[PDB]
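Enquirer: Starting off with a structure, shown below.
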Amino acid sequence: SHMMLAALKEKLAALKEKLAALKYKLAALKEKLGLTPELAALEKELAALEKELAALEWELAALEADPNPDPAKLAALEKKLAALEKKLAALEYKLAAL
């Protein structure tokens with residue numbers, strides 16, 4: 001469980017850093033391309049993924065505090081973070097395609 005928790009925290013931190021970088025890239029594209037509806041949809045998505053990462057971090061905080069973290073809850077968190085990473089990758093592509 002300890003190794004699992006360490007890997008999940010490292011994954012969470014990595015996605016948080018990517019999130020922030022894309023926020024600055026999106027704002028730069030808004031100033032270069034204008035206030036386009038495509039960018040509005042990407043901004044909506046980035047904001048939702050930011051809300052989800054914050055909620056997942058509360059979940060990880062609880063599991064790290066638990067002296068006997070539930071392995072199934074740990075495995076399910078890995079899957080949620082992997083799903084979020086896929087969405088963040090799809091958003092990063094779209095920003096790089098503008």
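Residues are referred to by chain and number: the chain letter is A, B, ... according to the order shown in the structure tokens, the number counts from 1 in that chain, and ligands are numbered separately from 1 in the order shown.
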I'd like the contact shell of segment 17-23 of chain A - 9 Å cut-off, only C-alpha atoms, skipping same-chain residues fewer than 6 positions apart - returned as a VMD selection string.
Expert: chain A and resid 43 46 to 47 49 to 50 88 91 to 92 95
Enquirer: Could you work out how far atom CA of residue 1 of chain A lies from atom CA of residue 69 of chain A, giving the answer in Å with one decimal?
Expert: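 Atom-to-atom, atom CA of residue 69 of chain A and atom CA of residue 1 of chain A are spaced 6.9 Å apart.
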Enquirer: Tell me which of A:27, A:72, A:60, A:83 sits closest to residue 7 of chain A, counting only C-alpha atoms.
Expert: A:60
Enquirer: For atom CA of residue 51 of chain A and atom CA of residue 86 of chain A, quote the distance in Å rounded to one decimal.
Expert: 15.7 Å
Enquirer: Between A:31, A:10, A:85, A:38, which has the minimum distance to residue 97 of chain A (counting only C-alpha atoms)?
Expert: A:38
Enquirer: Between A:39, A:33, A:75, A:28, which one has atoms that come closest to residue 94 of chain A, using only C-alpha atoms?
Expert: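 Of all the options, A:39 lies closest to residue 94 of chain A.
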Enquirer: Looking at only C-alpha atoms, which of A:29, A:41, A:81, A:74 is the one that sits closest to residue 53 of chain A?
Expert: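 Smallest distance to residue 53 of chain A is found for A:81.
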Enquirer: Looking at A:32, A:73, A:2, A:25, which one is nearest to residue 93 of chain A, with distances taken over only C-alpha atoms?
Expert: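 Nearest candidate to residue 93 of chain A out of A:32, A:73, A:2, A:25: A:25.
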